[PDB]
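One chain is shown next in structure tokens, namely the form deposited in one PDB entry.
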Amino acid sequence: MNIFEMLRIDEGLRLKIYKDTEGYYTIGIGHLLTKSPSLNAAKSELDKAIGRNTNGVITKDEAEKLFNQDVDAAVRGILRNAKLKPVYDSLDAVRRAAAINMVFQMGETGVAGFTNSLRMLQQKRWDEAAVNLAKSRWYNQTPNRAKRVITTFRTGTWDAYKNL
């Protein structure tokens, strides 16, 4: 298991434009295109992302290319953020993966829940951190996905992803 396999489990893979859990146009492995309700606007973003005039449809290779870019962007975002970087630096590699997930193209709710856990996480108060995140808005919206990520923070193991 690793961050790529982890997010592949949590986001799935779809090669045609679809709507994410918040109703936003998305493609591939959870690549958010736009928050606009316009499918045309979504298609425009897709073409710009891929570098060709698509039919709202991409290849698996293209989906994986975007995915790698998005994983990079998440790590970049963490390292450039004054609040996230020290917590990330303080974590082991398994828990780092959980952080990458929480900031992987999530709503505001994902950022807020993880941001509230930052303190307890840096202190390595794992059960307390887990509870804090469990009571977030993120968890309310996606108990299943959030539970897996929280279990990863709580245990520093891949146990929540091993049956998957």
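Numbering starts at 1 and runs along the sequence shown.
One more form of this protein, solved in complex with a small molecule, exists but is not displayed; see below.
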* Asked: Does any heavy atom of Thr26 come within 4.5 Å of a heavy atom of the small molecule in the deposited bound form?
  -> no
* the small molecule contact at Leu121 in the deposited bound form, heavy atom, 4.5 Å -> yes
* Examine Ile78 and determine whether its closest non-hydrogen atom to the small molecule in the deposited bound form is within 4.5 angstroms. => yes
* Asked: Should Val94 be counted as a contact of the small molecule in the deposited bound form, where contact means heavy atoms within 4.5 Å?
  -> no
